[PDB]
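*Asks:* So I've got this file, work-v3.cif, and it contains mmCIF, N, CA and C atoms:
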```cif
data_coords
#
loop_
_atom_site.label_atom_id
_atom_site.label_comp_id
_atom_site.auth_asym_id
_atom_site.auth_seq_id
_atom_site.Cartn_x
_atom_site.Cartn_y
_atom_site.Cartn_z
N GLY A 1 -23.21 242.82 111.54
CA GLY A 1 -22.77 244.15 111.92
C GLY A 1 -23.88 244.92 112.63
N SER A 2 -24.53 244.23 113.56
CA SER A 2 -25.62 244.84 114.31
C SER A 2 -25.30 244.80 115.81
N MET A 3 -24.76 243.67 116.24
CA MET A 3 -24.40 243.50 117.64
C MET A 3 -25.64 243.17 118.48
N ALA A 4 -26.01 241.90 118.46
CA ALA A 4 -27.16 241.44 119.22
C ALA A 4 -26.92 241.69 120.71
N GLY A 5 -28.01 241.67 121.46
CA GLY A 5 -27.94 241.88 122.90
C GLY A 5 -27.07 240.82 123.57
N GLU A 6 -27.60 240.26 124.65
CA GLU A 6 -26.88 239.24 125.39
C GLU A 6 -27.86 238.42 126.24
N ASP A 7 -27.64 237.12 126.25
CA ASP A 7 -28.49 236.22 127.02
C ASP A 7 -27.94 236.10 128.44
N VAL A 8 -28.76 235.53 129.31
CA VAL A 8 -28.37 235.35 130.70
C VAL A 8 -26.92 234.89 130.77
N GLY A 9 -26.34 235.03 131.95
CA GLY A 9 -24.96 234.63 132.16
C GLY A 9 -24.85 233.12 132.40
N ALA A 10 -25.41 232.69 133.52
CA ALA A 10 -25.39 231.29 133.88
C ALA A 10 -26.48 231.01 134.91
N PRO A 11 -27.13 229.83 134.76
CA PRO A 11 -28.20 229.43 135.67
C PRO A 11 -27.63 228.98 137.01
N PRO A 12 -28.55 228.72 137.97
CA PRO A 12 -28.16 228.28 139.30
C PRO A 12 -27.72 226.82 139.28
N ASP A 13 -26.41 226.62 139.15
CA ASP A 13 -25.86 225.28 139.11
C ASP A 13 -26.53 224.43 140.19
N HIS A 14 -26.98 225.10 141.24
CA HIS A 14 -27.64 224.42 142.34
C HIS A 14 -28.63 225.37 143.01
N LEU A 15 -29.70 224.79 143.54
CA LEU A 15 -30.72 225.58 144.21
C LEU A 15 -31.02 224.96 145.58
N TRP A 16 -31.36 225.82 146.52
CA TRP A 16 -31.67 225.38 147.87
C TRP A 16 -32.97 226.04 148.30
N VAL A 17 -34.01 225.22 148.41
CA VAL A 17 -35.32 225.72 148.81
C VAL A 17 -35.28 226.12 150.28
N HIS A 18 -35.53 227.40 150.52
CA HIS A 18 -35.52 227.92 151.88
C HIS A 18 -36.94 228.36 152.26
N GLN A 19 -37.67 228.82 151.26
CA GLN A 19 -39.04 229.28 151.48
C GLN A 19 -39.98 228.62 150.47
N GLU A 20 -41.25 228.56 150.85
CA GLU A 20 -42.26 227.96 149.99
C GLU A 20 -42.24 228.63 148.61
N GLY A 21 -41.80 227.86 147.62
CA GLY A 21 -41.73 228.37 146.26
C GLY A 21 -40.54 229.31 146.09
N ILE A 22 -39.50 229.05 146.88
CA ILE A 22 -38.30 229.86 146.82
C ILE A 22 -37.07 228.95 146.86
N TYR A 23 -35.98 229.45 146.30
CA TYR A 23 -34.74 228.70 146.26
C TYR A 23 -33.53 229.63 146.33
N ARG A 24 -32.45 229.10 146.88
CA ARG A 24 -31.22 229.87 147.01
C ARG A 24 -30.19 229.40 145.99
N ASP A 25 -29.57 230.37 145.33
CA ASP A 25 -28.56 230.07 144.33
C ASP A 25 -27.23 229.79 145.02
N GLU A 26 -26.21 229.57 144.21
CA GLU A 26 -24.88 229.28 144.73
C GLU A 26 -24.04 230.56 144.75
N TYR A 27 -24.73 231.69 144.66
CA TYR A 27 -24.06 232.98 144.67
C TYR A 27 -24.88 234.02 145.43
N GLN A 28 -25.62 233.53 146.42
CA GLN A 28 -26.46 234.40 147.22
C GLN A 28 -27.57 235.01 146.37
N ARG A 29 -28.17 234.17 145.55
CA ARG A 29 -29.25 234.61 144.68
C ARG A 29 -30.53 233.84 144.99
N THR A 30 -31.53 234.58 145.45
CA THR A 30 -32.81 233.98 145.79
C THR A 30 -33.63 233.71 144.53
N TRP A 31 -34.39 232.63 144.58
CA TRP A 31 -35.22 232.25 143.44
C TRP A 31 -36.64 232.02 143.96
N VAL A 32 -37.59 232.13 143.04
CA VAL A 32 -38.99 231.94 143.38
C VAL A 32 -39.58 230.82 142.52
N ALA A 33 -39.60 229.63 143.10
CA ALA A 33 -40.13 228.47 142.40
C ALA A 33 -41.66 228.46 142.52
N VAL A 34 -42.31 228.70 141.39
CA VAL A 34 -43.76 228.72 141.36
C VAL A 34 -44.28 227.38 140.81
N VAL A 35 -44.40 226.42 141.71
CA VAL A 35 -44.88 225.10 141.33
C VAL A 35 -46.20 225.23 140.58
N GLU A 36 -46.13 224.97 139.28
CA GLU A 36 -47.31 225.06 138.44
C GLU A 36 -47.65 223.69 137.86
N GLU A 37 -48.46 222.95 138.61
CA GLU A 37 -48.87 221.62 138.18
C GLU A 37 -49.34 221.65 136.73
N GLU A 38 -48.67 220.87 135.90
CA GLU A 38 -49.01 220.80 134.49
C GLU A 38 -50.21 219.87 134.28
N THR A 39 -50.82 220.01 133.11
CA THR A 39 -51.98 219.20 132.78
C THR A 39 -51.68 217.72 133.04
N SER A 40 -50.44 217.34 132.78
CA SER A 40 -50.02 215.96 132.99
C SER A 40 -48.51 215.92 133.28
N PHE A 41 -48.06 216.89 134.06
CA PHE A 41 -46.65 216.97 134.41
C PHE A 41 -46.44 217.91 135.60
N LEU A 42 -45.18 218.17 135.90
CA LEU A 42 -44.83 219.04 137.00
C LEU A 42 -43.89 220.14 136.49
N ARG A 43 -44.26 221.38 136.80
CA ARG A 43 -43.46 222.52 136.39
C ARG A 43 -43.21 223.45 137.58
N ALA A 44 -41.93 223.73 137.81
CA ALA A 44 -41.54 224.59 138.90
C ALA A 44 -40.83 225.83 138.34
N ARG A 45 -41.64 226.84 138.03
CA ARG A 45 -41.11 228.08 137.48
C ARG A 45 -40.26 228.80 138.54
N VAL A 46 -38.95 228.78 138.31
CA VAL A 46 -38.03 229.43 139.23
C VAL A 46 -37.72 230.84 138.72
N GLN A 47 -38.21 231.82 139.46
CA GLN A 47 -37.98 233.21 139.09
C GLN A 47 -36.99 233.86 140.06
N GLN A 48 -35.97 234.47 139.48
CA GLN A 48 -34.94 235.13 140.28
C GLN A 48 -35.36 236.57 140.59
N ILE A 49 -35.43 236.86 141.88
CA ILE A 49 -35.81 238.19 142.33
C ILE A 49 -35.24 238.44 143.73
N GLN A 50 -35.18 239.71 144.09
CA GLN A 50 -34.66 240.09 145.39
C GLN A 50 -35.79 240.12 146.43
N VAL A 51 -35.78 239.10 147.29
CA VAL A 51 -36.78 239.00 148.33
C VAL A 51 -36.14 238.43 149.60
N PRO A 52 -36.60 238.97 150.76
CA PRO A 52 -36.08 238.52 152.04
C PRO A 52 -36.64 237.15 152.42
N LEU A 53 -35.74 236.26 152.81
CA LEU A 53 -36.13 234.92 153.19
C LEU A 53 -36.76 234.95 154.59
N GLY A 54 -38.05 234.66 154.63
CA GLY A 54 -38.77 234.65 155.89
C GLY A 54 -38.48 233.37 156.68
N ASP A 55 -39.49 232.51 156.73
CA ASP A 55 -39.35 231.25 157.46
C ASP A 55 -38.30 230.38 156.76
N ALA A 56 -38.15 229.17 157.28
CA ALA A 56 -37.19 228.23 156.73
C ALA A 56 -37.56 226.81 157.15
N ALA A 57 -38.72 226.37 156.69
CA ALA A 57 -39.20 225.04 157.02
C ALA A 57 -39.45 224.26 155.72
N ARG A 58 -40.52 223.48 155.74
CA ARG A 58 -40.89 222.68 154.58
C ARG A 58 -42.39 222.77 154.33
N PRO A 59 -42.87 224.03 154.13
CA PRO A 59 -44.29 224.26 153.88
C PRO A 59 -44.66 223.85 152.45
N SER A 60 -43.80 224.21 151.52
CA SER A 60 -44.02 223.88 150.12
C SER A 60 -43.99 222.37 149.92
N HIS A 61 -43.04 221.73 150.60
CA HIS A 61 -42.89 220.29 150.50
C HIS A 61 -44.05 219.61 151.22
N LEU A 62 -44.55 220.28 152.24
CA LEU A 62 -45.66 219.75 153.02
C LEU A 62 -46.97 220.02 152.27
N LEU A 63 -47.04 221.20 151.67
CA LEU A 63 -48.23 221.59 150.93
C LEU A 63 -48.18 220.96 149.54
N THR A 64 -47.25 221.44 148.73
CA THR A 64 -47.10 220.93 147.38
C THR A 64 -46.48 219.53 147.40
N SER A 65 -45.29 219.46 147.97
CA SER A 65 -44.58 218.19 148.07
C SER A 65 -44.22 217.69 146.67
N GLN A 66 -43.57 218.56 145.91
CA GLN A 66 -43.16 218.21 144.56
C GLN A 66 -41.71 218.62 144.32
N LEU A 67 -41.44 219.90 144.54
CA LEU A 67 -40.09 220.42 144.36
C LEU A 67 -39.16 219.79 145.40
N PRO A 68 -37.91 219.51 144.95
CA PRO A 68 -36.92 218.92 145.83
C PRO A 68 -36.37 219.95 146.82
N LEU A 69 -35.54 219.46 147.73
CA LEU A 69 -34.95 220.33 148.74
C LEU A 69 -33.67 220.96 148.17
N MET A 70 -33.32 220.52 146.97
CA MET A 70 -32.13 221.03 146.30
C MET A 70 -32.03 220.50 144.87
N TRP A 71 -31.62 221.38 143.97
CA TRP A 71 -31.48 221.01 142.58
C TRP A 71 -29.98 220.96 142.25
N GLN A 72 -29.66 220.18 141.23
CA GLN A 72 -28.28 220.03 140.82
C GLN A 72 -28.18 220.06 139.29
N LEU A 73 -27.84 221.23 138.77
CA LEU A 73 -27.71 221.40 137.33
C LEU A 73 -26.83 220.28 136.77
N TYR A 74 -27.46 219.42 135.98
CA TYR A 74 -26.76 218.31 135.37
C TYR A 74 -26.36 218.63 133.93
N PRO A 75 -25.74 217.62 133.27
CA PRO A 75 -25.30 217.79 131.89
C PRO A 75 -26.48 217.75 130.93
N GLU A 76 -26.21 218.11 129.68
CA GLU A 76 -27.24 218.11 128.66
C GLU A 76 -28.04 219.41 128.73
N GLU A 77 -28.93 219.47 129.71
CA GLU A 77 -29.77 220.65 129.89
C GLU A 77 -30.94 220.32 130.82
N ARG A 78 -30.60 219.85 132.01
CA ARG A 78 -31.61 219.50 132.99
C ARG A 78 -31.04 219.64 134.41
N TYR A 79 -31.94 219.63 135.38
CA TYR A 79 -31.55 219.76 136.77
C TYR A 79 -31.87 218.48 137.55
N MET A 80 -30.85 217.96 138.21
CA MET A 80 -31.01 216.75 139.00
C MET A 80 -31.18 217.07 140.48
N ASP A 81 -32.30 216.62 141.03
CA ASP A 81 -32.59 216.86 142.43
C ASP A 81 -31.73 215.94 143.29
N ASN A 82 -32.06 215.89 144.57
CA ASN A 82 -31.33 215.05 145.51
C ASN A 82 -32.27 213.98 146.07
N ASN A 83 -33.51 214.04 145.63
CA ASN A 83 -34.51 213.09 146.09
C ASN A 83 -34.37 211.79 145.29
N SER A 84 -34.35 211.95 143.97
CA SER A 84 -34.22 210.80 143.08
C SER A 84 -34.99 211.05 141.79
N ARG A 85 -34.88 212.28 141.30
CA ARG A 85 -35.56 212.66 140.07
C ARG A 85 -34.74 213.71 139.32
N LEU A 86 -35.03 213.83 138.03
CA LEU A 86 -34.33 214.78 137.19
C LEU A 86 -35.35 215.71 136.52
N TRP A 87 -35.23 216.99 136.82
CA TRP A 87 -36.13 217.98 136.26
C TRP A 87 -35.50 218.51 134.97
N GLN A 88 -36.35 218.67 133.96
CA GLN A 88 -35.89 219.16 132.67
C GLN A 88 -36.10 220.67 132.58
N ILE A 89 -35.02 221.37 132.26
CA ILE A 89 -35.07 222.82 132.14
C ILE A 89 -35.98 223.19 130.96
N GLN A 90 -37.24 223.42 131.28
CA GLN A 90 -38.22 223.78 130.26
C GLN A 90 -37.72 224.99 129.47
N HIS A 91 -37.23 225.98 130.20
CA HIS A 91 -36.72 227.19 129.57
C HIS A 91 -36.04 228.06 130.63
N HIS A 92 -34.94 228.68 130.22
CA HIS A 92 -34.18 229.54 131.11
C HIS A 92 -33.75 230.80 130.36
N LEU A 93 -34.30 231.93 130.80
CA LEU A 93 -33.98 233.20 130.18
C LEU A 93 -34.10 234.32 131.23
N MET A 94 -34.02 235.55 130.75
CA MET A 94 -34.12 236.70 131.63
C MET A 94 -35.14 237.71 131.10
N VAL A 95 -36.03 238.13 131.98
CA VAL A 95 -37.05 239.09 131.62
C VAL A 95 -37.16 240.16 132.71
N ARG A 96 -37.34 241.39 132.27
CA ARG A 96 -37.46 242.51 133.19
C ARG A 96 -36.35 242.45 134.24
N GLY A 97 -35.16 242.08 133.78
CA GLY A 97 -34.01 241.98 134.66
C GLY A 97 -34.21 240.87 135.69
N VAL A 98 -35.02 239.89 135.32
CA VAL A 98 -35.30 238.77 136.19
C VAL A 98 -35.10 237.46 135.42
N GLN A 99 -34.40 236.54 136.06
CA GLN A 99 -34.13 235.25 135.45
C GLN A 99 -35.22 234.25 135.82
N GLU A 100 -35.96 233.83 134.80
CA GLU A 100 -37.04 232.87 134.99
C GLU A 100 -36.63 231.49 134.48
N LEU A 101 -36.36 230.60 135.42
CA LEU A 101 -35.95 229.25 135.08
C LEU A 101 -37.14 228.30 135.25
N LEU A 102 -37.49 227.62 134.17
CA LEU A 102 -38.60 226.69 134.19
C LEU A 102 -38.06 225.27 134.36
N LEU A 103 -38.56 224.60 135.39
CA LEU A 103 -38.14 223.24 135.67
C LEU A 103 -39.33 222.29 135.46
N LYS A 104 -39.07 221.23 134.71
CA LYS A 104 -40.10 220.24 134.43
C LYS A 104 -39.66 218.88 134.97
N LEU A 105 -40.51 218.31 135.80
CA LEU A 105 -40.22 217.01 136.39
C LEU A 105 -41.03 215.93 135.66
N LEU A 106 -40.35 214.83 135.37
CA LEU A 106 -40.99 213.72 134.69
C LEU A 106 -40.77 212.43 135.48
N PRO A 107 -41.65 211.43 135.20
CA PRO A 107 -41.56 210.15 135.89
C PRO A 107 -40.38 209.33 135.36
N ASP A 108 -39.18 209.75 135.75
CA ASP A 108 -37.97 209.06 135.32
C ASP A 108 -38.11 208.65 133.86
N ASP A 109 -37.67 209.54 132.98
CA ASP A 109 -37.74 209.29 131.55
C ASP A 109 -37.41 207.82 131.28
N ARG A 110 -38.38 207.13 130.70
CA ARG A 110 -38.20 205.72 130.38
C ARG A 110 -36.75 205.44 129.98
N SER A 111 -36.17 204.43 130.61
CA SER A 111 -34.80 204.06 130.33
C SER A 111 -34.62 203.81 128.83
N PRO A 112 -33.55 204.44 128.27
CA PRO A 112 -33.26 204.29 126.85
C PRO A 112 -32.66 202.92 126.56
N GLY A 113 -33.06 202.36 125.42
CA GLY A 113 -32.57 201.06 125.01
C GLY A 113 -32.12 201.08 123.55
N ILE A 114 -30.97 200.45 123.31
CA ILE A 114 -30.42 200.39 121.97
C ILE A 114 -31.40 199.66 121.05
N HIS A 115 -32.15 200.45 120.30
CA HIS A 115 -33.13 199.89 119.38
C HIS A 115 -32.46 199.63 118.03
N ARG A 116 -32.36 198.35 117.70
CA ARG A 116 -31.75 197.94 116.44
C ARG A 116 -30.27 198.33 116.42
N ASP A 117 -29.43 197.34 116.71
CA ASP A 117 -28.00 197.56 116.73
C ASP A 117 -27.66 198.61 117.80
#
```
So that I can check it, write out the structure of this file as structure tokens.
*Replies:*
Amino acid sequence: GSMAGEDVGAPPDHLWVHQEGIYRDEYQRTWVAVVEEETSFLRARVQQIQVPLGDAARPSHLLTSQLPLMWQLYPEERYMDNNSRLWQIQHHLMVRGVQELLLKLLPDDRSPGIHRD
């Protein structure tokens, strides 16, 4: 009988990198992917904010060359690129009226095998 707040509505089922460290949602929502190389992994902090899309090349891919040209929200709780990798949604929430989606890329999670039966 308190009535908790409310969590984000829904993440970007898909993202389209238009600017270095930026991505476009499927609802005209710009994102800011802050490629943050992990100690031993890849993290692309996608922050949702209102910013004008400047250029439209592949500077981030040329510079960083980590984030895909498009993400595809897959089942479970991860984002599947179009290159040939699956990024794990490290965390997705909203802060200061901004949606910060954390994407973690791994070296193709070792194929699962039926261990014992």
*Asks:* Please compute the CA of residue 64 (chain A)-atom C of residue 35 (chain A) distance, one decimal, in Å.
*Replies:* 8.1 Å
*Asks:* From the list A:10, A:73, A:3, A:103, which residue is nearest residue 87 (chain A) when using only N, CA and C atoms?
*Replies:*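 For residue 87 (chain A), the nearest of the given residues is A:103.
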*Asks:* Run DSSP on the backbone and give me the residues of chain A it puts in strand (DSSP E or B), as a PyMOL selection string.
*Replies:* chain A and resi 14-16+23-24+30-35+38+41-48+70-73+78-81+86-95+98-105
*Asks:* When you look at region 18-27 of chain A with a cut-off of 6 Å (counting all atoms listed in the file), what residues show up, excluding the ones that are within fewer than 4 positions of it in the same chain? I need them as a PyMOL selection string.
*Replies:* chain A and resi 12-14+31-35+55-57+59-60
*Asks:* Keeping only N, CA and C atoms, write those residues as an mmCIF file, in the coordinates of the input.
*Replies:*
```
data_model
loop_
_atom_site.group_PDB
_atom_site.id
_atom_site.type_symbol
_atom_site.label_atom_id
_atom_site.label_comp_id
_atom_site.auth_asym_id
_atom_site.auth_seq_id
_atom_site.Cartn_x
_atom_site.Cartn_y
_atom_site.Cartn_z
ATOM 1 N N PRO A 12 -28.550 228.720 137.970
ATOM 2 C CA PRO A 12 -28.160 228.280 139.300
ATOM 3 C C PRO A 12 -27.720 226.820 139.280
ATOM 4 N N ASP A 13 -26.410 226.620 139.150
ATOM 5 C CA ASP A 13 -25.860 225.280 139.110
ATOM 6 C C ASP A 13 -26.530 224.430 140.190
ATOM 7 N N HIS A 14 -26.980 225.100 141.240
ATOM 8 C CA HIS A 14 -27.640 224.420 142.340
ATOM 9 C C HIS A 14 -28.630 225.370 143.010
ATOM 10 N N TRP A 31 -34.390 232.630 144.580
ATOM 11 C CA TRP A 31 -35.220 232.250 143.440
ATOM 12 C C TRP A 31 -36.640 232.020 143.960
ATOM 13 N N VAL A 32 -37.590 232.130 143.040
ATOM 14 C CA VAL A 32 -38.990 231.940 143.380
ATOM 15 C C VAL A 32 -39.580 230.820 142.520
ATOM 16 N N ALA A 33 -39.600 229.630 143.100
ATOM 17 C CA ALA A 33 -40.130 228.470 142.400
ATOM 18 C C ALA A 33 -41.660 228.460 142.520
ATOM 19 N N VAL A 34 -42.310 228.700 141.390
ATOM 20 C CA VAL A 34 -43.760 228.720 141.360
ATOM 21 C C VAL A 34 -44.280 227.380 140.810
ATOM 22 N N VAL A 35 -44.400 226.420 141.710
ATOM 23 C CA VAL A 35 -44.880 225.100 141.330
ATOM 24 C C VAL A 35 -46.200 225.230 140.580
ATOM 25 N N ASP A 55 -39.490 232.510 156.730
ATOM 26 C CA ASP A 55 -39.350 231.250 157.460
ATOM 27 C C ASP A 55 -38.300 230.380 156.760
ATOM 28 N N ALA A 56 -38.150 229.170 157.280
ATOM 29 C CA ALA A 56 -37.190 228.230 156.730
ATOM 30 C C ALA A 56 -37.560 226.810 157.150
ATOM 31 N N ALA A 57 -38.720 226.370 156.690
ATOM 32 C CA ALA A 57 -39.200 225.040 157.020
ATOM 33 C C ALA A 57 -39.450 224.260 155.720
ATOM 34 N N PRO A 59 -42.870 224.030 154.130
ATOM 35 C CA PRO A 59 -44.290 224.260 153.880
ATOM 36 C C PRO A 59 -44.660 223.850 152.450
ATOM 37 N N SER A 60 -43.800 224.210 151.520
ATOM 38 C CA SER A 60 -44.020 223.880 150.120
ATOM 39 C C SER A 60 -43.990 222.370 149.920
#
```
*Asks:* Go through region 1-115 of chain A and collect every residue that DSSP, computed from the backbone, puts in alpha helix (DSSP H); the answer should be as a PyMOL selection string.
*Replies:* chain A and resi 59-63
*Asks:* Just the selected residues (N, CA and C atoms), exported as an mmCIF file, keeping the file's coordinate frame, please.
*Replies:*
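Generated output (selection.cif):
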```
data_model
loop_
_atom_site.group_PDB
_atom_site.id
_atom_site.type_symbol
_atom_site.label_atom_id
_atom_site.label_comp_id
_atom_site.auth_asym_id
_atom_site.auth_seq_id
_atom_site.Cartn_x
_atom_site.Cartn_y
_atom_site.Cartn_z
ATOM 1 N N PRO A 59 -42.870 224.030 154.130
ATOM 2 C CA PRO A 59 -44.290 224.260 153.880
ATOM 3 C C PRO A 59 -44.660 223.850 152.450
ATOM 4 N N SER A 60 -43.800 224.210 151.520
ATOM 5 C CA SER A 60 -44.020 223.880 150.120
ATOM 6 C C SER A 60 -43.990 222.370 149.920
ATOM 7 N N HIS A 61 -43.040 221.730 150.600
ATOM 8 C CA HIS A 61 -42.890 220.290 150.500
ATOM 9 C C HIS A 61 -44.050 219.610 151.220
ATOM 10 N N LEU A 62 -44.550 220.280 152.240
ATOM 11 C CA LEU A 62 -45.660 219.750 153.020
ATOM 12 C C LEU A 62 -46.970 220.020 152.270
ATOM 13 N N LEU A 63 -47.040 221.200 151.670
ATOM 14 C CA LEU A 63 -48.230 221.590 150.930
ATOM 15 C C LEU A 63 -48.180 220.960 149.540
#
```
*Asks:* Quick one: everything within 6 Å of residue 88 (chain A), counting all atoms listed in the file, minus sequence neighbours fewer than 3 positions away in the same chain. Send it as a PyMOL selection string.
*Replies:* chain A and resi 77-79+91+102-106
*Asks:* Could you tell me how far CA of residue 30 (chain A) sits from atom N of residue 98 (chain A), in Å to one decimal place?
*Replies:*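 Answer for the atom N of residue 98 (chain A) to CA of residue 30 (chain A) separation: 12.2 Å.
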*Asks:* Would you mind reading off the distance between CA of residue 99 (chain A) and atom N of residue 11 (chain A), one decimal, in Å?
*Replies:*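 Pair CA of residue 99 (chain A) / atom N of residue 11 (chain A) returns 8.9 Å.
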*Asks:* Between A:4, A:63, A:86, A:80, which residue has the minimum interatomic distance to residue 107 (chain A), considering only C-alpha atoms?
*Replies:*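 Checking each of A:4, A:63, A:86, A:80 against residue 107 (chain A), counting only C-alpha atoms, the winner is A:86.
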*Asks:* If I wrap all listed atoms of region 65-71 of chain A in a box with edges along x, y and z and add 8 Å on each side, what are its centre and edge lengths in Å to one decimal, as AutoDock Vina command-line options?
*Replies:*
```
--center_x -37.6 --center_y 219.5 --center_z 145.5 --size_x 31.3 --size_y 19.7 --size_z 22.5
```
*Asks:* Closest to residue 66 (chain A) among A:95, A:42, A:108, A:101, using only N, CA and C atoms?
*Replies:*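 Result for the nearest residue to residue 66 (chain A): A:42.
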